[PDB]
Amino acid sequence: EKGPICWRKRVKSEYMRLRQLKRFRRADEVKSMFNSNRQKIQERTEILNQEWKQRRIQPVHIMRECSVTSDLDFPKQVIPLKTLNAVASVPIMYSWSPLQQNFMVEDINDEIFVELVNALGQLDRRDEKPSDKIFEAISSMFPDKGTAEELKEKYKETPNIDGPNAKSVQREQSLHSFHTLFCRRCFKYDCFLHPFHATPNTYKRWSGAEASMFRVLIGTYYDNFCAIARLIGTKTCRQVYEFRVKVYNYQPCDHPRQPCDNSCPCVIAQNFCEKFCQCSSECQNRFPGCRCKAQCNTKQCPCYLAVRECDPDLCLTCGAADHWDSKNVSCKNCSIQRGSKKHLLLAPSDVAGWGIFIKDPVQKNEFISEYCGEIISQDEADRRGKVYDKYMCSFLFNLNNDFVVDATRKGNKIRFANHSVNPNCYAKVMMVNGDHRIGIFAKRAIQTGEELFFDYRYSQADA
């Protein structure tokens, strides 16, 4: 108890004190470092200047015409103007990063607050000769930094298991990081392609160290504590037993206890269910695969006909799921997923700029390369497109209703293929294990050394 007006003045006074204090103890740090930095200056400057002494560099001497005048009446000078022999320049190119697959990209401090609170506190103590009127006075001089409440709270103010601080924890809390940050689709943590975090159903099918690992392992092994013993390492059948007692982009659907009918996201997006969906294995909307024995590049094969590459987990019979060490396989419909692109060469175009040339003969309808770049939203493409127009020039290509791929900052060599309305290549968007990817195909046979072109207009028409 001692007056609100009084306290507000103290707030204003201690704060203004502290501030002015930090201000000086900080003007000195500066002063300190300017000096002990200038010691470094002279220290290393000497080193150079000595390395300079040990040299005898030659003086420069004198030599179509050029002259220089003086604006201070000095005599004009005239000297011979030597020509530097021409040198050819290469076309313009802005910096870019190599990609072999698409890459997604999205669209009164606290230190002082505490000192002031403490300094105010010590006045409340010396008064009697973490209080409550103090926080109300501070909220009155800083109505913004929070209310009386938030300031009382702000003032007072993820396990690891292999470490010294392991806890006994839930199993779905030791596993939490792995479960949310893991992409079931491309088998990587915090992956570069798939923004929507994993569906909840997709990851379901004594010290901290030991107790936690116990609950994790029973959720997998259940009651066979014999094995839970082998894995927990330093316990036994028994001991465990005893512890027990005490065109739209594709996105996996997950609608528990409910069929894939017309309310289903996949069905509405007009997409098939994939192996990534959490629905009946008997789902009518899943795509089967094909039972081909080879080839897979004609309307005979349901995948090719559906404009999908083959799935190495459903197409068991054509070759798509085997021989991982070769890129040339029985199946001719998985060039994108294995990245079996053709050698490409970079040189200035015969039209303009840079162009791309194929290093070896390619056959009609043959895959050449995936057109790779950043995946960005239609919104980001708008932003970026304003910047790009200044350059009369752009490398955005629609992937689907939701995403554009932009080979401006990242992509592979095929982005040097120029545009033409009489192309020798075309672009086809395939569905590939749940990703839309752009494949570039030869439109006719093509010979060694030929320059590549396709017609950008068809990409540019997500009309």
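Numbers follow the displayed sequence, beginning with 1.
*Asks:* Please classify the unmodelled stretch of the deposited sequence between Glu157 and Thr158: none, 1 to 3, 4 to 9, or 10 or more residues.
*Replies:* Unresolved stretch here: 10 or more residues.
*Asks:* Select one of none, 1 to 3, 4 to 9, or 10 or more to describe the deposited residues without coordinates separating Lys246 and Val247.
*Replies:* 10 or more residues lack coordinates between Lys246 and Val247.
*Asks:* Going by the mean C-alpha B-factor recorded in the entry, which is higher: 24-32 or 416-424?
*Replies:* Result: 24-32.
*Asks:* Looking at the entry, does 249-257 or 147-155 show the higher mean C-alpha B-factor?
*Replies:* Between 147-155 and 249-257, it is 147-155 that shows the higher mean C-alpha B-factor.
*Asks:* Taking the Cα B-factors listed in the entry, which of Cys318, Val169, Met392, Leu193 comes out highest?
*Replies:* It is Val169.
*Asks:* Between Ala381, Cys372, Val351, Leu116, where does the Cα B-factor run highest in the record?
*Replies:* So the option with the highest C-alpha B-factor is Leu116.
*Asks:* Classify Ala227 as lowest, middle or highest third according to the C-alpha B-factor given in the PDB entry, relative to its own chain.
*Replies:* Tercile = highest for this residue's CA B-factor.
*Asks:* Could you look up the Cα B-factor of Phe142 in the entry and say which third of the chain it sits in: lowest, middle or highest?
*Replies:* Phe142: CA B-factor falls in the middle third of its chain.
*Asks:* Can you work out whether the C-alpha temperature factor of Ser174 puts it in the lowest, middle or highest third of the chain?
*Replies:* Within its chain, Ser174 is a highest-third residue by C-alpha B-factor, going by the deposited values.
*Asks:* With respect to C-alpha B-factor, does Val329 fall in the lowest, middle or highest third of the chain as deposited?
*Replies:* Within its chain, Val329 is a middle-third residue by C-alpha B-factor, going by the deposited values.
*Asks:* Check where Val432 lands among this chain's C-alpha B-factors and tell me if it's the lowest, middle or highest third.
*Replies:* CA B-factor rank for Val432: lowest third.
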